[PDB]
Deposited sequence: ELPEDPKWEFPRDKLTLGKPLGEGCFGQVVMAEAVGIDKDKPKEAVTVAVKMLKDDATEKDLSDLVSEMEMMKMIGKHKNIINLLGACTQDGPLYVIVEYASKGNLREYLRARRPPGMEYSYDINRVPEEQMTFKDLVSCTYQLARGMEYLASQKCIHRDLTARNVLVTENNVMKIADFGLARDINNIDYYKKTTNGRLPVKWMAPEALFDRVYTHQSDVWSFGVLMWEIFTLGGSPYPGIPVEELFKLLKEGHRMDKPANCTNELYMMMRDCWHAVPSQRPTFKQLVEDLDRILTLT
């Protein structure tokens, strides 16, 4: 029913399902051991993540999973994005096999390493936070070089591997170039004014979202425009209101966020420009 692609196809009998990593609401991700998914050593088994449909999945969710799979093939390999490893498409339910990130999403990762319970031995230094940002800028610079927009860049959609590599995830809303559906399904506190009002999206709209992600990061998983409801945000952005500086954040980095939150997308930095500026700061730290 779903067309064949031998390049990516993985045999079902070698995949072994495991514990659910999380239910996003339109999708389901489970841990799994996969034998010989790494072609260079066919005998060894490796822990992967498998996205599949819910039981209460809709008609739209099946095409969105396939769309996302197709997006992941043409994006190509990068260190700072979740990468496609394989798929089970034939004669069974659709399993999309992607890299495993053992330390979860960046929001929980950061909240867990703030200096209830759940707090580990390893807490976040300034150099560590800057290195998170720079890693994510590289990921996003790559996506932009592939003429691809993400449109859902949030801390919750960034995953962290065992070796604390930041990986950008969820290419659900991702598109190749954009004229919006007039009713796009994009989170409002991360959305650039153009995406919100003018139904357009460029790479410069992702830069704005990156602006908010930086704030998220330097508040160690804070939630943007705290206390301000979505209804009351539209008018504030039009008046030029922006978020204050996080406490564990230099004047320089804050100015980088504020550069990201220009209302005129061309006056914002490009991802290339952010990678330049963040490497510079990472070196000096």
Compare the deposited sequence with the modelled residues and state the ranges that are missing C-alpha positions. 116 to 123, 186 to 190
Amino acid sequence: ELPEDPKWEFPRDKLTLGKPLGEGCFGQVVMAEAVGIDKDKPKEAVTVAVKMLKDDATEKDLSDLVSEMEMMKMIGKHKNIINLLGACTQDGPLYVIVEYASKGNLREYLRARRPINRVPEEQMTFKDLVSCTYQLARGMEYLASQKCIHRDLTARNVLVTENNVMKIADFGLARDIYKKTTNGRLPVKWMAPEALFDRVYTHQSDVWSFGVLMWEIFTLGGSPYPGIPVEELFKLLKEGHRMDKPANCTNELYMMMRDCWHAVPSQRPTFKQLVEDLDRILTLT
From here on, numbers count along this sequence of modelled residues.
Going by the entry, of stretches 25 to 33 and 243 to 251 the one with greater average Cα B-factor is 25 to 33
Of the two stretches 221 to 229 and 36 to 44, which shows the higher Cα B-factor on average in the entry? 36 to 44
Note to self: of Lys180, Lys189, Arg156, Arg151, the C-alpha temperature factor tops out at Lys180
In terms of the CA temperature factor given in the entry, to which third of its chain does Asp198 belong: lowest, middle or highest? middle
Sorting by Cα B-factor within the chain, modelled residues only, which third would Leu65 end up in: lowest, middle or highest? lowest
In terms of the CA temperature factor given in the entry, to which third of its chain does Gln146 belong: lowest, middle or highest? middle
Tertile call for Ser102 (CA temperature factor, within chain, third-based) is the middle
Chain thirds by Cα B factor, record data; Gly211 belongs to the lowest
